[PDB]
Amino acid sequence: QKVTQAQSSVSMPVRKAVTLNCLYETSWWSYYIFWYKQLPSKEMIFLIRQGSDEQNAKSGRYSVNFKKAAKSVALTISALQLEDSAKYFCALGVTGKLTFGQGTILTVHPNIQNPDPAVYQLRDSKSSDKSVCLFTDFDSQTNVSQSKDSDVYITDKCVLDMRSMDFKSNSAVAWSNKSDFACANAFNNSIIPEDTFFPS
């Protein structure tokens, strides 16, 4: 048995729909496909089950596009909410025993009508030797690349608190204790808008 979730991460704004792909391989004639979401606690939450001999599954906001010949069983989540940000797993179940995919991390983003991408230099903390750069107000589809220097740390884009109801914004941070570290070049490994603001 094999379950393939080729996408490691996907970003989509609130109120939109998102499709998470899953491909499987099985020699069995009768089986089930399950979709679970794994919460930050690492708890597994049931979303939907697709039977090998059934029509397209539906449960709450979840639906499955079951392409049996293609052994494709994509999950669509409709009307996305901030609480939907989690890691989603596709699993193939034969006699209770499950085979899982690698999982796909879905980040649900706020609707940013007026992106204002910018990189800000923060004041040094009198309690830390770390210099911090904040990349903020960029749009959902911005990809933040990892550092290519062991002495420079760069986070991915953050996940908004699911109960947030204000000052909603996408951001990443970069920090270092290197003498030469500057915010002007900290996020160079990323492809960013030509109008990103870099204040002096």
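Numbers for residues come from their place in the sequence shown, where the first is 1.
Of the two segments, 74-82 and 89-97, the one listed with the higher mean B-factor is 89-97 (C-alpha atoms only). When 160-168 is weighed against 48-56, 48-56 comes out higher, by mean CA B-factor as recorded in the entry. Of all the options 41, 136, 155, 142, the entry's greatest CA B-factor is assigned to 41.
Ranking 29, 175, 62, 34 by the C-alpha B-factor listed in the PDB entry places 29 at the top. In the PDB entry, a CA B factor belonging to the lowest third of its chain's modelled residues is recorded for residue 196. Among the modelled residues of its chain, residue 24 has a C-alpha B-factor that falls in the middle third, as given in the PDB entry. When the modelled residues of the chain are ordered by C-alpha B-factor, residue 10 sits in the middle third. Residue-level temperature factors show residue 186 in the lowest third of its chain, judged at the C-alpha atom.
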